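Engineer: Before I ask anything, let me first share the structure, which is written out below as structure tokens.
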Amino acid sequence: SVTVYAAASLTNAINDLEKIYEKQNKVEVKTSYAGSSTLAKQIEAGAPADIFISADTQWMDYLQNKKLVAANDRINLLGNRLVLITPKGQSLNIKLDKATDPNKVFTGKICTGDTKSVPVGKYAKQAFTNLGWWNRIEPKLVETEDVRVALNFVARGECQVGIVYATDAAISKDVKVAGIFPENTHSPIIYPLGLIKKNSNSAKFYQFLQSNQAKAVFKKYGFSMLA
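For what it's worth, PDB author numbering labels the leading residue of the sequence shown as 11, then goes sequentially.
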């Protein structure tokens, strides 16, 4: 068997690829989804993940610095974009630009990942700082431990606005995009793929995730394939 720990934004894509791989191989694929921070810390504490897919470079670097992944056993796999979402039926259009006043357009809470640790929240905080919004945004935050928890708060109408990835907005019929953050407001959203345990089965699944067959699944969900 192969155990794959993956950022919560990858839940649907990796579940699809797990099913495909299991049909094509006599191998059991075990999956665990959470915030990239939680997953990396668990691996550090000895969790038996063979493969880790982070929603940012930082949490893979975190493991590399602790010698848990080698520089030659990781590759930048996927890209994404950062978006504002609202519940269906409370649509907005907000320009993510310095000229916009967050106190005028955000009149409730803003739900996203913890801005210190969860990739989606770290990207969001970079963007708020770049836009000059941080000290007006921070008092409105409801912070979660992965991007899908935040997506569901907005889908249930429990928060007026959320910040999630473009792929998360696409998966939920219950939320709509209220604005796309320009790429120049934050570091590029990059998903590194890391081979943590080097064995025959794990190396095969690591290559499979880079295959022409996997590219079709990721693109279907709205991820970009990195060069």
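Here a beta-carbon is modelled for each residue, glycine too, at the ideal position from N, C-alpha and C.
(1) Kindly confirm or deny that the region 103-112 and the region 82-90 touch, where touching means at least three C-beta pairs closer than 8 Å.
(2) Leaving out five residues on either side along the sequence, give the residues of the same chain with a beta carbon under 8 Å from the beta carbon of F218.
(3) Please report the Cβ distance between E153 and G131, rounded to the nearest whole angstrom; I am assuming they are in contact, meaning their Cβ atoms lie under 8 Å.
(4) Would you report the Cα separation of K183 and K98, rounded to the nearest angstrom?
(5) Give every residue of the same chain whose Cβ lies closer than 7 Å to the Cβ of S47, excluding the five residues on either side of it in the sequence, and list them in chain order.
(6) Using a Cβ-Cβ cutoff of less than 8 Å, which residues in the same chain neighbour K40 once the five nearest sequence positions on both sides are dropped?
(7) Would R146 and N113 be called neighbours here (beta carbons separated by less than 7 Å)?
(8) Sorted by chain position, which residues of the same chain lie with C-beta nearer than 6 Å to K150's C-beta, five sequence neighbours on each side aside?
(9) Could you tell me which residues DSSP puts in a beta bridge with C121?
(10) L161 lies in the alpha helix (DSSP H); which residues open and close that run?
(11) Under 7 Å between the Cβ atoms of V164 and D178?
(12) Taking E38 as the reference, give the member of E193, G56 and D60 with the closest Cα.
(13) Using the Cβ count rule (16 or more neighbours within 10 Å means buried), how would you classify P202?
(14) Tell me the residue span of the beta strand (DSSP E) that contains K40.
(15) Is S210 helix, strand or coil when you go by DSSP?
(16) First and last residue of the beta strand (DSSP E) that includes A188?
(17) Looking at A17: is its Cβ nearer than 7 Å to the Cβ of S64?
(18) Unbroken alpha helix (DSSP H) runs of length 4 or more, entirely within the region 65-134: which are they?
(19) For a quick check, are the C-beta atoms of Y175 and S19 less than 7 Å apart?
(20) Is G232 closer than 7 Å to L94 when the C-beta atoms are compared?
(21) How many angstroms separate the CA atom of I24 from the CA atom of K76?
Structural biologist: Let me lay it out:
(1) By the Cβ test, the region 103-112 is not in contact with the region 82-90, since fewer than three Cβ pairs between them sit closer than 8 Å.
(2) Start at 1 with the first residue of the sequence shown, and residue 218 comes out as number 208. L27, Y31 and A224, listed in sequence order.
(3) Sequence index remark: in the sequence shown, residue 153 carries index 143 (1-based). Sequence index remark: in the sequence shown, residue 131 carries index 121 (1-based). Indeed, because the Cβ distance is near 6 Å, the residues count as touching under 8 Å.
(4) The sequence position of residue 183 within the sequence shown is 173, counting from 1. The sequence position of residue 98 within the sequence shown is 88, counting from 1. Here the alpha carbon of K183 sits roughly 8 Å from the alpha carbon of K98.
(5) Position 37 of the sequence shown, counted from the first residue, corresponds to residue 47. These residues qualify, in order along the chain: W69, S127 and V128.
(6) Sequence index remark: in the sequence shown, residue 40 carries index 30 (1-based). Close CB contacts of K40 within its chain, under the 8 Å cut and outside five residues either way in sequence, are with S11, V12, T13 and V14 (chain order).
(7) Taking the sequence shown and counting its residues from 1, the one referred to as residue 146 is at position 136. Taking the sequence shown and counting its residues from 1, the one referred to as residue 113 is at position 103. Yes, the pair counts as a contact, with Cβ atoms nearer than the cut-off.
(8) To locate residue 150, count along the sequence shown from 1; it is residue 140. Excluding residues within five positions, the ones whose Cβ falls inside 6 Å are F116, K119 and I120.
(9) Indexing the sequence shown from 1 puts residue 121 at position 111. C121 is bridged to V152 and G172.
(10) Position 151 of the sequence shown, counting from 1, holds the residue named residue 161. Bounds of the alpha helix (DSSP H) holding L161 are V157 to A165.
(11) In the sequence shown, residue 164 corresponds to position 154, counting from 1. In the sequence shown, residue 178 corresponds to position 168, counting from 1. For the pair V164 and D178, the CB atoms are not nearer than the 7 Å cut-off.
(12) Reading the sequence shown from its first residue, position 28 is the one you call residue 38. Measuring from the Cα of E38, the nearest candidate turns out to be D60.
(13) To locate residue 202, count along the sequence shown from 1; it is residue 192. Buried is the call here.
(14) Numbered from 1 along the sequence shown, position 30 holds the residue referred to as residue 40. Looking at the DSSP string, the run of the beta strand (DSSP E) that includes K40 is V39 to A44.
(15) Within the sequence shown, residue 210 is the residue found at index 200, counting from 1. Three-state result, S210: helix.
(16) Reading the sequence shown from its first residue, position 178 is the one you call residue 188. That run of the beta strand (DSSP E) goes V185 to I190.
(17) As a position in the sequence shown, residue 17 is number 7, starting the count at 1. As a position in the sequence shown, residue 64 is number 54, starting the count at 1. Cβ atoms of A17 and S64: closer than 7 Å.
(18) Here the runs fully enclosed are 67-75 and 112-115.
(19) Counted from its first residue, the sequence shown places residue 175 at position 165. Counted from its first residue, the sequence shown places residue 19 at position 9. In this structure, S19 lies closer than 7 Å to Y175 by Cβ.
(20) Within the sequence shown, the letter at position 84 stands for residue 94. Within the sequence shown, the letter at position 222 stands for residue 232. Not in contact: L94 and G232 (Cβ atoms no closer than 7 Å).
(21) Locating residue 24 in the sequence shown gives position 14, counting from the first residue. Locating residue 76 in the sequence shown gives position 66, counting from the first residue. The straight-line gap from Cα to Cα measures roughly 26 Å.
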